[PDB]
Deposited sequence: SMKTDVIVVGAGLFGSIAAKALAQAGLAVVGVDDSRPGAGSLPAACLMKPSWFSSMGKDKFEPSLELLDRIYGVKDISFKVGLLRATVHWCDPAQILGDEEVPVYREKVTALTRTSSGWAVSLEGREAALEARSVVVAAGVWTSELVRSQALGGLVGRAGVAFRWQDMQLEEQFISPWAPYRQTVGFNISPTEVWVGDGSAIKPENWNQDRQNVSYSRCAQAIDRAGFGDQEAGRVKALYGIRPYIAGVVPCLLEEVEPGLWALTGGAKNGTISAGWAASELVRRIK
């Protein structure tokens, strides 16, 4: 058997950041993710704008930004917001979700049982189960499939799409508001790629290719690529993901049973919300 300090279930932004924070504070951590489709972290750009996250309180952002700048590096980007300019914090999403410091098993967690020395995680098709003292369940919108709670009763999914163009760079990165609580954001996510999203947040059963095409046109029109059929040519990739939401939430970080944590509910401002949860977990586990 595998016996470690911490097992993190889920390797999206929340499970990645929480595990690496624990590993970089000295703990032995192992991750498990079944790479299921629809994960909300795949389309993420990891943009963190003060205006979007200030509702948290200085008690929460600066703890988060220090963790991210220390562990990953927070680069600041200035976006064209109208004629004025606004600065947005950024972590490279490929850097967070690609970091390999914490080993990650590509298995599906089937059960979570407590033992004398702590918790035991069961995996489909494996009579063996992993074991650790502390377990973090950061399974996004699927967290209510492994952990139960009152807060976990409000867990719902709000899906969205982002588009990444290859071999392209924007001379001006922008945030263009088009509706209440909705803004089209375009920027260079890589030195060779452009990411655009309009903030659409819809229940996955109400999402469809036609509603996705409306968001493609809004995003494509904003970088003047509408009309060229870039999707069918393989020049743009459409990125779909389900964001976890629990009304009445920055996110849900609750010790459901002694030693078993649930981390989900990050909705829109997730990278910053994950840093807080990681700061709090390294504070409460170390």
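- Residues of the deposited sequence lacking C-alpha coordinates fall in a single stretch, 250, numbered from 1.
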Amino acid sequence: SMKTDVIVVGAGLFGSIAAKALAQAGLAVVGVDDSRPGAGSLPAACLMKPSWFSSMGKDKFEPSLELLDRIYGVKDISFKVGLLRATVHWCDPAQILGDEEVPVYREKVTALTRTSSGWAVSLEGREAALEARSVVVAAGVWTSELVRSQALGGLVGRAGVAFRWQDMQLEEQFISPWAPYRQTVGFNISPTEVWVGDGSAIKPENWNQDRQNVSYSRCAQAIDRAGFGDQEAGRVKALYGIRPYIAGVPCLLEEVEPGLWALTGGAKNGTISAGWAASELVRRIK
From here on, numbers count along this sequence of modelled residues.
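- Stretches compared: 156 to 164, 107 to 115. Higher mean C-alpha B-factor in the entry: 107 to 115.
- Per-stretch averaging of Cα B factors for 133 to 141 and 117 to 125 places 117 to 125 on top.
- Between the residues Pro244, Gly241, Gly259, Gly248, the entry's highest C-alpha temperature factor is the one at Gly259.
- Take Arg36, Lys237, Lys58, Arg218 and read off each C-alpha B-factor from the entry; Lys58 has the highest.
- Per-chain ranking of the deposited C-alpha B factor places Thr271 in the middle third.
- Sort the chain's modelled residues by C-alpha temperature factor and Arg85 lands in the highest third, per the entry.
- Sort the chain's modelled residues by C-alpha temperature factor and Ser41 lands in the lowest third, per the entry.
- The PDB entry assigns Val8 a C-alpha temperature factor belonging to the lowest third of its chain's modelled residues.
- Sort the modelled residues of the chain by CA B factor and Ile96 lands in the lowest third.
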